[PDB]
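The data below hold one chain only, encoded as structure tokens and taken in the form deposited in one PDB entry.
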């Protein structure tokens, strides 16, 4: 059972410790104020400050990690291409509404970075099994990246009439997102993600860790390339640093049980 909302304060500090070396100074206060899983999943900046975490850089370590933890705990059923495209469509429409003379407002520039951010999980999923080796999904990915590059380069001024050009790119990105939502009938885009326990008694895979602490199998029986490791011996590692995930796996002895998120 991976009910993060039922985490004891000890499980919270166990997880907090793996985020960054900077967290070690705050574990005592998390335990003293009895921060459980429910309080962790909804933790706010002022509550981090009540715990003595006044450095905003340290707050953002927790908040970024908790945001990944929240997505794993609350929205695993929608962890698929369709709802990634829905996030893209939502951000693009939001950018479009905000646009309704030489200088682009900082707010508009900010909306563009937030819109581009939604492309990253969609594109990342398109470049993994089972979409990676399908010609239509590869062409679709290229169209999304071309539109995203258009948005970013116009915003960076890299490429006369910036607001109408940004508006056209936002509409095109919304249309591209709707291609998955409306035009594709592949059941894979609507398949929920599932968790599987993989027991190892040995083990030749490598772990590629994203910048934000998502750890996937690479360079490789019941484990395939691109599968995300969410626990090692029932310790949740979503959001952990790359180094501490390796340290936890190496110390796990020949007997390691991995909780693995699996690709459709």
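Positions refer to the first chain, counted from 1.
- Where residue 220 is followed by residue 221 in the displayed chain, the model omits 4 to 9 of the deposited residues that sit between the two.
- Where residue 159 is followed by residue 160 in the displayed chain, the model omits 1 to 3 of the deposited residues that sit between the two.
- Judged by mean Cα B factor in the deposited record, 149 to 157 ranks above the other of 105 to 113 and 149 to 157.
- Looking at mean Cα B-factors across 33 to 41 and 221 to 229, the upper value is held by 221 to 229.
- Across 199, 68, 236, 59, the greatest Cα temperature factor reported in the deposited entry is at 199.
- Across the residues 100, 188, 88, 181, the deposited record lists the maximum Cα B factor for 100.
- Ranked within its chain, residue 242 lands in the highest third, by CA B factor from the PDB record.
- Ranked by Cα temperature factor within the chain, residue 84 sits in the lowest third according to the deposited record.
- Placement of the Cα temperature factor of residue 24 within the chain: middle third of the modelled residues, per the deposited record.
- For residue 193, the recorded CA temperature factor ranks within the highest third of the chain's modelled residues.
- The PDB entry assigns residue 163 a C-alpha temperature factor belonging to the highest third of its chain's modelled residues.
What comes next is about the form deposited with a partner chain bound, which is not displayed.
- In the entry with it bound, none of the heavy atoms of residue 201 sits within 4.5 Å of a heavy atom of its partner chain.
- Under a 4.5 angstroms non-hydrogen atom cutoff, its partner chain in the entry with it bound lacks residue 129 among its neighbouring residues.
- Using a 4.5 angstroms limit between non-hydrogen atoms, residue 110 touches its partner chain in the entry with it bound.
- Its partner chain is not shown here, but in the entry with it bound it comes within 4.5 Å of a heavy atom of residue 93.
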